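Here's coords-v9.csv, which has CSV, N, CA and C atoms and all ligand atoms:
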```
chain,number,residue,atom,x,y,z
T,31,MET,N,6.2,-12.5,2.8
T,31,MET,CA,5.6,-11.3,2.1
T,31,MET,C,6.4,-10.0,2.5
T,32,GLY,N,7.6,-10.3,3.1
T,32,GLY,CA,8.4,-9.1,3.5
T,32,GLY,C,9.1,-9.4,4.8
T,33,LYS,N,9.5,-10.7,5.0
T,33,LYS,CA,10.1,-11.1,6.2
T,33,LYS,C,11.5,-10.4,6.4
T,34,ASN,N,12.2,-10.3,5.3
T,34,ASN,CA,13.5,-9.6,5.3
T,34,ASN,C,14.0,-9.4,3.9
T,35,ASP,N,13.2,-9.8,2.9
T,35,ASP,CA,13.6,-9.6,1.5
T,35,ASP,C,13.1,-8.2,1.0
T,36,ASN,N,12.5,-7.5,1.9
T,36,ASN,CA,12.0,-6.1,1.6
T,36,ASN,C,13.1,-5.1,1.8
T,37,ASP,N,14.3,-5.5,2.1
T,37,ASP,CA,15.4,-4.6,2.4
T,37,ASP,C,16.2,-4.4,1.1
T,38,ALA,N,15.6,-4.8,0.0
T,38,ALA,CA,16.3,-4.6,-1.3
T,38,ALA,C,16.4,-3.2,-1.7
T,39,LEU,N,17.5,-2.8,-2.2
T,39,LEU,CA,17.8,-1.4,-2.6
T,39,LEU,C,18.1,-1.3,-4.1
T,40,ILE,N,17.2,-0.6,-4.9
T,40,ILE,CA,17.5,-0.4,-6.3
T,40,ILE,C,18.1,0.9,-6.6
T,41,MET,N,19.2,0.8,-7.3
T,41,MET,CA,20.0,2.0,-7.7
T,41,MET,C,19.3,2.8,-8.8
T,42,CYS,N,19.1,4.1,-8.7
T,42,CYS,CA,18.5,4.9,-9.7
T,42,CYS,C,19.5,5.5,-10.7
T,43,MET,N,19.2,5.4,-11.9
T,43,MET,CA,20.2,5.9,-13.0
T,43,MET,C,20.0,7.3,-13.2
T,44,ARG,N,19.0,7.9,-12.6
T,44,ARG,CA,18.7,9.3,-12.8
T,44,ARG,C,19.5,10.2,-11.9
T,45,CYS,N,19.2,10.0,-10.6
T,45,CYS,CA,19.9,10.8,-9.5
T,45,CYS,C,21.0,9.9,-8.8
T,46,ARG,N,21.4,8.8,-9.5
T,46,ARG,CA,22.4,7.9,-8.9
T,46,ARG,C,22.1,7.7,-7.4
T,47,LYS,N,20.8,7.7,-7.0
T,47,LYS,CA,20.5,7.5,-5.6
T,47,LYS,C,19.9,6.1,-5.3
T,48,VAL,N,20.4,5.5,-4.3
T,48,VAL,CA,20.0,4.1,-3.9
T,48,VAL,C,18.9,4.2,-2.8
T,49,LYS,N,17.8,3.5,-3.1
T,49,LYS,CA,16.7,3.5,-2.1
T,49,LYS,C,16.0,2.2,-2.1
T,50,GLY,N,15.1,2.0,-1.1
T,50,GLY,CA,14.4,0.7,-1.0
T,50,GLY,C,13.0,0.9,-1.6
T,51,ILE,N,12.2,-0.2,-1.5
T,51,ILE,CA,10.8,-0.2,-2.1
T,51,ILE,C,10.1,1.1,-1.6
T,52,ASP,N,10.6,1.8,-0.7
T,52,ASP,CA,10.0,3.0,-0.1
T,52,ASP,C,10.0,4.1,-1.2
T,53,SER,N,11.2,4.5,-1.6
T,53,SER,CA,11.4,5.5,-2.6
T,53,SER,C,11.3,5.0,-4.0
T,54,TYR,N,10.8,3.7,-4.1
T,54,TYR,CA,10.6,3.1,-5.4
T,54,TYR,C,9.2,2.6,-5.6
T,55,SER,N,8.6,3.0,-6.7
T,55,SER,CA,7.2,2.6,-6.9
T,55,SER,C,7.1,1.1,-7.0
T,56,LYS,N,6.0,0.5,-6.6
T,56,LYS,CA,5.7,-0.9,-6.6
T,56,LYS,C,5.9,-1.4,-8.1
T,57,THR,N,5.4,-0.7,-9.0
T,57,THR,CA,5.5,-1.1,-10.4
T,57,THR,C,7.0,-1.2,-10.9
T,58,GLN,N,7.7,-0.1,-10.5
T,58,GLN,CA,9.1,0.0,-10.9
T,58,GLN,C,9.9,-1.1,-10.2
T,59,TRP,N,9.6,-1.2,-8.9
T,59,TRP,CA,10.4,-2.2,-8.0
T,59,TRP,C,10.1,-3.6,-8.5
T,60,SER,N,8.9,-3.9,-9.0
T,60,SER,CA,8.6,-5.2,-9.5
T,60,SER,C,9.4,-5.6,-10.7
T,61,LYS,N,9.9,-4.6,-11.5
T,61,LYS,CA,10.7,-4.8,-12.6
T,61,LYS,C,12.0,-5.3,-12.2
T,62,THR,N,12.3,-5.4,-10.9
T,62,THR,CA,13.6,-5.9,-10.4
T,62,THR,C,13.6,-7.4,-10.6
T,63,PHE,N,12.5,-8.0,-10.8
T,63,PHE,CA,12.4,-9.5,-11.0
T,63,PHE,C,11.3,-9.8,-12.0
T,64,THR,N,11.5,-11.0,-12.7
T,64,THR,CA,10.6,-11.4,-13.7
T,64,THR,C,10.1,-12.9,-13.4
T,65,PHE,N,9.2,-13.4,-14.1
T,65,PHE,CA,8.7,-14.7,-14.0
T,65,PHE,C,9.2,-15.6,-15.1
T,66,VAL,N,9.9,-16.7,-14.7
T,66,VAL,CA,10.4,-17.6,-15.7
T,66,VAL,C,10.0,-19.1,-15.3
T,67,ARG,N,9.6,-19.8,-16.2
T,67,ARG,CA,9.2,-21.2,-16.0
T,67,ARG,C,8.4,-21.3,-14.7
T,68,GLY,N,7.7,-20.3,-14.4
T,68,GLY,CA,6.8,-20.3,-13.2
T,68,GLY,C,7.7,-20.1,-11.9
T,69,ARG,N,8.8,-19.5,-12.0
T,69,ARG,CA,9.7,-19.3,-10.9
T,69,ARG,C,10.2,-17.8,-10.9
T,70,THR,N,10.2,-17.3,-9.7
T,70,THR,CA,10.6,-15.9,-9.5
T,70,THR,C,12.1,-15.8,-9.8
T,71,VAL,N,12.5,-14.8,-10.6
T,71,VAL,CA,13.9,-14.6,-11.0
T,71,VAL,C,14.2,-13.1,-10.9
T,72,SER,N,15.4,-12.8,-10.5
T,72,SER,CA,15.9,-11.4,-10.4
T,72,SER,C,16.4,-10.9,-11.8
T,73,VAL,N,16.0,-9.8,-12.2
T,73,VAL,CA,16.4,-9.2,-13.5
T,73,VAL,C,17.9,-9.0,-13.5
T,74,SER,N,18.6,-9.3,-14.6
T,74,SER,CA,20.0,-9.1,-14.7
T,74,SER,C,20.4,-7.7,-14.6
T,75,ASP,N,19.6,-6.8,-15.2
T,75,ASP,CA,19.9,-5.4,-15.2
T,75,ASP,C,18.6,-4.6,-15.3
T,76,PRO,N,17.9,-4.4,-14.2
T,76,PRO,CA,16.6,-3.7,-14.2
T,76,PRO,C,16.8,-2.1,-14.2
T,77,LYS,N,16.3,-1.5,-15.2
T,77,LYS,CA,16.5,0.0,-15.3
T,77,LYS,C,15.2,0.7,-14.9
T,78,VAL,N,15.3,1.4,-13.8
T,78,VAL,CA,14.1,2.1,-13.3
T,78,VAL,C,14.6,3.5,-12.7
T,79,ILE,N,13.6,4.3,-12.4
T,79,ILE,CA,13.9,5.7,-11.8
T,79,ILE,C,13.1,5.9,-10.6
T,80,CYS,N,13.4,7.0,-9.9
T,80,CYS,CA,12.7,7.3,-8.7
T,80,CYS,C,11.3,7.9,-9.0
T,81,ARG,N,10.4,7.9,-8.0
T,81,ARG,CA,9.1,8.5,-8.1
T,81,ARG,C,9.1,9.9,-8.5
T,82,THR,N,10.1,10.7,-7.9
T,82,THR,CA,10.2,12.1,-8.2
T,82,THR,C,11.0,12.3,-9.5
T,83,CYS,N,11.9,11.4,-9.8
T,83,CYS,CA,12.7,11.5,-11.0
T,83,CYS,C,11.8,11.4,-12.3
T,84,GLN,N,10.7,10.7,-12.2
T,84,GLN,CA,9.9,10.5,-13.3
T,84,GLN,C,9.0,11.8,-13.5
T,85,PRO,N,8.6,12.1,-14.7
T,85,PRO,CA,7.8,13.3,-15.0
T,85,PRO,C,6.4,13.1,-14.5
T,86,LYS,N,5.7,14.2,-14.2
T,86,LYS,CA,4.3,14.2,-13.7
T,86,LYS,C,3.6,15.5,-14.1
T,87,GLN,N,2.8,15.5,-15.1
T,87,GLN,CA,2.0,16.7,-15.5
T,87,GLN,C,0.7,16.3,-16.0
T,88,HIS,N,-0.3,17.2,-15.8
T,88,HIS,CA,-1.7,17.0,-16.2
T,88,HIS,C,-2.3,18.3,-16.6
T,89,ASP,N,-3.1,18.2,-17.7
T,89,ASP,CA,-3.8,19.4,-18.2
T,89,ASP,C,-5.0,19.8,-17.2
T,90,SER,N,-5.2,21.1,-17.1
T,90,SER,CA,-6.3,21.6,-16.2
T,90,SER,C,-6.9,22.8,-16.8
T,91,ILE,N,-8.1,23.2,-16.2
T,91,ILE,CA,-8.8,24.4,-16.7
T,91,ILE,C,-9.1,25.4,-15.5
T,92,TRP,N,-8.8,26.7,-15.8
T,92,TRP,CA,-9.0,27.7,-14.7
T,92,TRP,C,-10.5,28.0,-14.7
T,93,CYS,N,-11.1,28.0,-13.5
T,93,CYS,CA,-12.5,28.3,-13.3
T,93,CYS,C,-12.6,29.7,-12.6
T,94,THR,N,-13.5,30.5,-13.1
T,94,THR,CA,-13.7,31.8,-12.5
T,94,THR,C,-14.9,31.8,-11.6
T,95,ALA,N,-15.6,30.7,-11.6
T,95,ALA,CA,-16.8,30.6,-10.7
T,95,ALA,C,-16.4,30.5,-9.2
T,96,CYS,N,-15.3,29.8,-9.0
T,96,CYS,CA,-14.8,29.6,-7.6
T,96,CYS,C,-13.3,30.0,-7.5
T,97,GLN,N,-12.7,30.4,-8.7
T,97,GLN,CA,-11.4,30.8,-8.7
T,97,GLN,C,-10.4,29.7,-8.2
T,98,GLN,N,-10.7,28.5,-8.6
T,98,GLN,CA,-9.8,27.4,-8.2
T,98,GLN,C,-9.4,26.5,-9.4
T,99,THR,N,-8.2,26.0,-9.3
T,99,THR,CA,-7.7,25.1,-10.4
T,99,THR,C,-8.3,23.8,-10.3
T,100,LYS,N,-8.8,23.3,-11.5
T,100,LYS,CA,-9.4,22.0,-11.6
T,100,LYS,C,-8.9,21.2,-12.8
T,101,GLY,N,-8.9,19.9,-12.7
T,101,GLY,CA,-8.5,19.1,-13.8
T,101,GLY,C,-9.6,18.9,-14.9
T,102,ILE,N,-9.2,18.3,-16.0
T,102,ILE,CA,-10.2,18.2,-17.1
T,102,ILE,C,-11.1,17.0,-16.8
T,103,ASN,N,-10.8,16.2,-15.8
T,103,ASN,CA,-11.5,15.0,-15.4
T,103,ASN,C,-12.9,15.4,-14.8
T,104,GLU,N,-12.9,16.4,-13.9
T,104,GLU,CA,-14.1,16.9,-13.3
T,104,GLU,C,-14.6,18.1,-14.1
T,105,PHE,N,-14.1,18.3,-15.3
T,105,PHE,CA,-14.6,19.4,-16.2
T,105,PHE,C,-15.2,18.8,-17.5
T,106,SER,N,-16.4,19.2,-17.8
T,106,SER,CA,-17.1,18.7,-19.0
T,106,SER,C,-16.3,19.2,-20.3
T,107,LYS,N,-16.4,18.4,-21.3
T,107,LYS,CA,-15.7,18.8,-22.6
T,107,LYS,C,-16.2,20.1,-23.1
T,108,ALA,N,-17.5,20.3,-23.1
T,108,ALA,CA,-18.1,21.6,-23.5
T,108,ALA,C,-17.6,22.7,-22.7
T,109,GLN,N,-17.5,22.5,-21.4
T,109,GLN,CA,-17.0,23.6,-20.5
T,109,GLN,C,-15.6,24.0,-20.9
T,110,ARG,N,-14.9,23.1,-21.5
T,110,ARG,CA,-13.5,23.4,-21.9
T,110,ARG,C,-13.5,24.3,-23.2
T,111,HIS,N,-14.5,24.0,-24.1
T,111,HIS,CA,-14.6,24.7,-25.3
T,111,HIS,C,-14.9,26.2,-25.1
T,112,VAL,N,-15.9,26.4,-24.3
T,112,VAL,CA,-16.3,27.8,-24.0
T,112,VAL,C,-15.2,28.6,-23.5
T,113,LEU,N,-15.3,30.0,-23.6
T,113,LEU,CA,-14.3,30.9,-23.2
T,113,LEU,C,-14.3,31.1,-21.7
T,114,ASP,N,-15.3,30.6,-21.1
T,114,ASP,CA,-15.4,30.8,-19.6
T,114,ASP,C,-15.8,29.4,-19.0
T,115,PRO,N,-14.9,28.5,-18.9
T,115,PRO,CA,-15.2,27.2,-18.3
T,115,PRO,C,-15.7,27.3,-16.8
T,116,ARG,N,-16.6,26.4,-16.5
T,116,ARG,CA,-17.2,26.4,-15.1
T,116,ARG,C,-17.2,24.9,-14.6
T,117,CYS,N,-16.7,24.8,-13.4
T,117,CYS,CA,-16.6,23.4,-12.8
T,117,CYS,C,-18.0,22.8,-12.8
T,118,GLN,N,-18.0,21.4,-13.0
T,118,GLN,CA,-19.2,20.7,-13.0
T,118,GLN,C,-20.0,20.9,-11.8
T,119,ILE,N,-19.4,21.4,-10.7
T,119,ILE,CA,-20.1,21.7,-9.4
T,119,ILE,C,-20.5,23.1,-9.4
T,120,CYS,N,-19.7,24.0,-10.0
T,120,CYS,CA,-20.1,25.4,-10.0
T,120,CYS,C,-21.3,25.7,-10.8
T,121,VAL,N,-21.4,24.9,-11.9
T,121,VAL,CA,-22.6,25.1,-12.8
T,121,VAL,C,-23.9,24.7,-12.1
T,122,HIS,N,-23.8,23.7,-11.3
T,122,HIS,CA,-25.0,23.2,-10.6
T,122,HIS,C,-25.2,24.0,-9.3
T,123,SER,N,-24.4,25.1,-9.1
T,123,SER,CA,-24.5,25.9,-8.0
T,123,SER,C,-25.0,27.3,-8.4
T,124,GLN,N,-24.6,27.7,-9.6
T,124,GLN,CA,-25.0,29.0,-10.2
T,124,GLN,C,-26.3,28.9,-11.0
T,125,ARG,N,-26.9,27.7,-11.1
T,125,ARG,CA,-28.1,27.4,-11.8
T,125,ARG,C,-27.9,27.8,-13.3
T,126,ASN,N,-26.7,28.2,-13.6
T,126,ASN,CA,-26.4,28.6,-15.0
T,126,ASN,C,-27.4,29.5,-15.5
U,201,ZN,ZN,16.5,9.1,-9.1
U,202,ZN,ZN,-15.4,26.6,-10.1
```

Using structure tokens, write down the structure from this file.
Ligand SMILES: [Zn+2]
Ligand SMILES: [Zn+2]
Amino acid sequence: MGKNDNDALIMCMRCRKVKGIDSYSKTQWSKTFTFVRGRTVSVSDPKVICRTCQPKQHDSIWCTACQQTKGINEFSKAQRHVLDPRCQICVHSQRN
């Protein structure tokens, strides 16, 4: 499960930087090999990027109740429509 085969280093095509499963996501690193006839096989040419090389953005809503940035996950849909969104926690704190 990592006796010595965990020293594999995948070259990044983005920053031409070579790193191990450390700087490589498990999902991306897994693409280094595929399953054939029920046998593990190394991909001929696996194209992957670094964790930082890949994009990462998420929508959020500014709250004036606590003056803290929060995602839309912890924010009700209606709270997003209003002109003054309030965290699902702030609303239960201000008794609205
Ligand atoms: Zn990279
Ligand atoms: Zn708030």

**OP:** With all atoms listed in the file counted, which protein, DNA or RNA residues have an atom no more than 8 Å from (7.1, 1.5, -11.0) in the file frame? Please answer as an MDAnalysis selection string.
**Re:** chainID T and resid 54:61 78:81

Output of the above residues as a JSON list (two decimals), in the coordinates of the input, restricted to N, CA and C atoms:
```
[["chain", "number", "residue", "atom", "x", "y", "z"],
["T", 54, "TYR", "N", 10.80, 3.70, -4.10],
["T", 54, "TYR", "CA", 10.60, 3.10, -5.40],
["T", 54, "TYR", "C", 9.20, 2.60, -5.60],
["T", 55, "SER", "N", 8.60, 3.00, -6.70],
["T", 55, "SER", "CA", 7.20, 2.60, -6.90],
["T", 55, "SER", "C", 7.10, 1.10, -7.00],
["T", 56, "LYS", "N", 6.00, 0.50, -6.60],
["T", 56, "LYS", "CA", 5.70, -0.90, -6.60],
["T", 56, "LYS", "C", 5.90, -1.40, -8.10],
["T", 57, "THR", "N", 5.40, -0.70, -9.00],
["T", 57, "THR", "CA", 5.50, -1.10, -10.40],
["T", 57, "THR", "C", 7.00, -1.20, -10.90],
["T", 58, "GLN", "N", 7.70, -0.10, -10.50],
["T", 58, "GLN", "CA", 9.10, 0.00, -10.90],
["T", 58, "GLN", "C", 9.90, -1.10, -10.20],
["T", 59, "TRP", "N", 9.60, -1.20, -8.90],
["T", 59, "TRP", "CA", 10.40, -2.20, -8.00],
["T", 59, "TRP", "C", 10.10, -3.60, -8.50],
["T", 60, "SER", "N", 8.90, -3.90, -9.00],
["T", 60, "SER", "CA", 8.60, -5.20, -9.50],
["T", 60, "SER", "C", 9.40, -5.60, -10.70],
["T", 61, "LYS", "N", 9.90, -4.60, -11.50],
["T", 61, "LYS", "CA", 10.70, -4.80, -12.60],
["T", 61, "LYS", "C", 12.00, -5.30, -12.20],
["T", 78, "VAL", "N", 15.30, 1.40, -13.80],
["T", 78, "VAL", "CA", 14.10, 2.10, -13.30],
["T", 78, "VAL", "C", 14.60, 3.50, -12.70],
["T", 79, "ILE", "N", 13.60, 4.30, -12.40],
["T", 79, "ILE", "CA", 13.90, 5.70, -11.80],
["T", 79, "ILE", "C", 13.10, 5.90, -10.60],
["T", 80, "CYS", "N", 13.40, 7.00, -9.90],
["T", 80, "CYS", "CA", 12.70, 7.30, -8.70],
["T", 80, "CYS", "C", 11.30, 7.90, -9.00],
["T", 81, "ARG", "N", 10.40, 7.90, -8.00],
["T", 81, "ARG", "CA", 9.10, 8.50, -8.10],
["T", 81, "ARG", "C", 9.10, 9.90, -8.50]]
```

**OP:** Excluding stretch 118-122 of chain T and residues on its chain fewer than 6 positions from it, collect all residues at most 7 Å away from it, counting all atoms listed in the file, and give them as a ChimeraX atom specification.
**Re:** /T:95-96,104-106

File dump, residues just selected, N, CA and C atoms, as a PDB file, in the frame of the given file:
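This went into selection_13.pdb:
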```
ATOM      1  N   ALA T  95     -15.600  30.700 -11.600  1.00  0.00           N
ATOM      2  CA  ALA T  95     -16.800  30.600 -10.700  1.00  0.00           C
ATOM      3  C   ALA T  95     -16.400  30.500  -9.200  1.00  0.00           C
ATOM      4  N   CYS T  96     -15.300  29.800  -9.000  1.00  0.00           N
ATOM      5  CA  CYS T  96     -14.800  29.600  -7.600  1.00  0.00           C
ATOM      6  C   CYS T  96     -13.300  30.000  -7.500  1.00  0.00           C
ATOM      7  N   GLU T 104     -12.900  16.400 -13.900  1.00  0.00           N
ATOM      8  CA  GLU T 104     -14.100  16.900 -13.300  1.00  0.00           C
ATOM      9  C   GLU T 104     -14.600  18.100 -14.100  1.00  0.00           C
ATOM     10  N   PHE T 105     -14.100  18.300 -15.300  1.00  0.00           N
ATOM     11  CA  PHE T 105     -14.600  19.400 -16.200  1.00  0.00           C
ATOM     12  C   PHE T 105     -15.200  18.800 -17.500  1.00  0.00           C
ATOM     13  N   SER T 106     -16.400  19.200 -17.800  1.00  0.00           N
ATOM     14  CA  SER T 106     -17.100  18.700 -19.000  1.00  0.00           C
ATOM     15  C   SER T 106     -16.300  19.200 -20.300  1.00  0.00           C
TER      16      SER T 106
END
```

**OP:** Identify which of the residues T:77, T:116, T:67, T:88 lies closest to ligand ZN 201 (chain U), counting only C-alpha atoms and all ligand atoms when measuring atom-to-atom distances.
**Re:**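 Looking only at the distances to ligand ZN 201 (chain U), the closest residue turns out to be T:77.
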
**OP:** Find, counting all atoms listed in the file, the residue in T:112, T:68, T:62, T:125 that gets nearest to residue T:40.
**Re:** T:62

Contact table chain T vs ligand ZN 201 (chain U), cut-off 8 Å, shortest pair per residue, all atoms listed in the file, as CSV:
```
residue,atom,partner,partner_atom,distance
T:41,C,U:ZN201,ZN,6.9
T:42,CA,U:ZN201,ZN,4.7
T:43,N,U:ZN201,ZN,5.4
T:44,C,U:ZN201,ZN,4.2
T:45,N,U:ZN201,ZN,3.2
T:46,N,U:ZN201,ZN,4.9
T:47,N,U:ZN201,ZN,5.0
T:48,N,U:ZN201,ZN,7.2
T:78,C,U:ZN201,ZN,6.9
T:79,C,U:ZN201,ZN,4.9
T:80,N,U:ZN201,ZN,3.8
T:81,N,U:ZN201,ZN,6.3
T:82,C,U:ZN201,ZN,6.4
T:83,CA,U:ZN201,ZN,4.9
T:84,N,U:ZN201,ZN,6.8
```

Subject >> Coordinates-based distance that separates atom CA of residue T:117 from atom N of residue T:102 (Å, one decimal) >> reply: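 Atom-to-atom, atom N of residue T:102 to atom CA of residue T:117, that is 9.5 Å.
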
Please put the answer as JSON: centre and edge lengths, in Å with one decimal, of a box along x, y and z that encloses all listed atoms of stretch 93-107 of chain T plus 5 Å on each side.
```
{"center_x": -12.4, "center_y": 23.4, "center_z": -15.3, "size_x": 19.4, "size_y": 26.8, "size_z": 25.6}
```

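Here atom CA of residue T:53 stands at a distance of 28.5 Å from atom CA of residue T:99.
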
Subject >> Distance in Å - atom C of residue T:89 versus atom C of residue T:126 >> reply: 24.5 Å

Subject >> Nearest candidate to residue T:108 (options T:124, T:91, T:72, T:86; using only C-alpha atoms) >> reply: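 The shortest atom-to-atom distance to residue T:108 comes from T:91.
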
Original post:
Of the candidates T:32, T:115, T:85, T:76, which shows the shortest atom-to-atom distance to ligand ZN 202 (chain U), using all atoms listed in the file?
Top reply: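 Result for the nearest residue to ligand ZN 202 (chain U): T:115.
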